[PDB]
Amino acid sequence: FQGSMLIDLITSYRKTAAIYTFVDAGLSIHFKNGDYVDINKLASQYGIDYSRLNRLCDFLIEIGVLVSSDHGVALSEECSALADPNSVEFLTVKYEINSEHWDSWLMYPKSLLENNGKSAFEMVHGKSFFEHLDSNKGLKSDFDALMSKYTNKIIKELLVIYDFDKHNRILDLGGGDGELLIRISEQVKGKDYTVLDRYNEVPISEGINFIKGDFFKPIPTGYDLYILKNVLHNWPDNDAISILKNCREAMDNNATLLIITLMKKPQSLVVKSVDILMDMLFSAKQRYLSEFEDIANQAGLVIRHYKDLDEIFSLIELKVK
């Protein structure tokens, strides 16, 4: 950062902005397999001025997103994933960089000073985050698409550290697309997989039953395994404990509730960033093991075992003692 870094931190949102335009405009797609593209032909396809697009490239080359040739311009080694529409980088841009996040960020300091029931997001949109998602078809599919990435990364080691082979019926609460169950079903075949979530239009996948309901109401029983993945961190204590009450109220002993979340550690850039995001969007938070035990104890739950899948991701086995 060359001696003085504070200014580079402040202006570096411009780097995000430039990458976002490159993606949003729909130009990132033409840079597949490290191909060198002629900007004029590219500019001529989408009806953009050559000069403006050539200049945007010059900035993307400087920051190291693009690379320069005698004929054309290509994506760099480290930024190849911008060409792939099913990469964590492309989907992060698609979901995160928009009015829903950026205008809520500009409201965040006002929400800190105005201590009330309203989150920074609700102060802007006048609705809940998920209420707004269900009204906007495009963002929900972008939300689910990016969430699908974070399930696929734990799926490999989740099946290793836990025995789903020993569970007759399995219910995923706030599962969206059953990406957790879909990927589990592929490995652990011949079991009852159920997904409960708010669907305006219901999704379907072979061997997955998509229940349509609200987890603030009593949750259907008959399931040996209940699972909450990245759900509790969307809610404060009053709302989160109320969800666990409905899990505890639905679990006959001999049954387990699975909770997978970004467990806050003393020193994690990823979790801390997401934690401020939760506060901004839902007036919620990421939690420590002791915070989970406390909210678990409130409804009336105990942890048989806790262990980490990744550095950031951790698993908590919960039962109605």
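For every residue, the number given is its place in the sequence shown, counted from 1.
Chemist: State which stretch shows the higher mean Cα B factor in the entry: 38-46 or 51-59.
Modeler: Comparing averages over the C-alpha atoms only gives 38-46.
Chemist: Averaging only over Cα atoms, indicate whether 103-111 or 237-245 has the higher B-factor in the PDB entry.
Modeler: The stretch with the larger mean CA B-factor is 237-245.
Chemist: Checking the record values for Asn230, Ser128, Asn152, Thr221, which has the greatest CA B factor?
Modeler: Reading the PDB entry, the winner on C-alpha B-factor is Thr221.
Chemist: Would you check the entry's CA temperature factor for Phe282 and let me know if it's in the chain's lowest, middle or highest third?
Modeler: Within its chain, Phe282 is a lowest-third residue by C-alpha B-factor, going by the deposited values.
Chemist: Of the three thirds of its chain by CA temperature factor, lowest, middle or highest, which one includes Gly190?
Modeler: Tercile = highest for this residue's CA B-factor.
Chemist: Test of reading the entry: by CA B factor among the chain's modelled residues, which third contains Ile295?
Modeler: Highest third.
Chemist: Compared with the other modelled residues in the chain, in which third is the CA B-factor of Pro203?
Modeler: Top third by C-alpha B-factor.
Chemist: Lowest, middle or highest third: which one holds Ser28 when the chain's residues are ordered by CA B-factor from the entry?
Modeler: Its C-alpha B-factor belongs to the lowest third of this chain's values.
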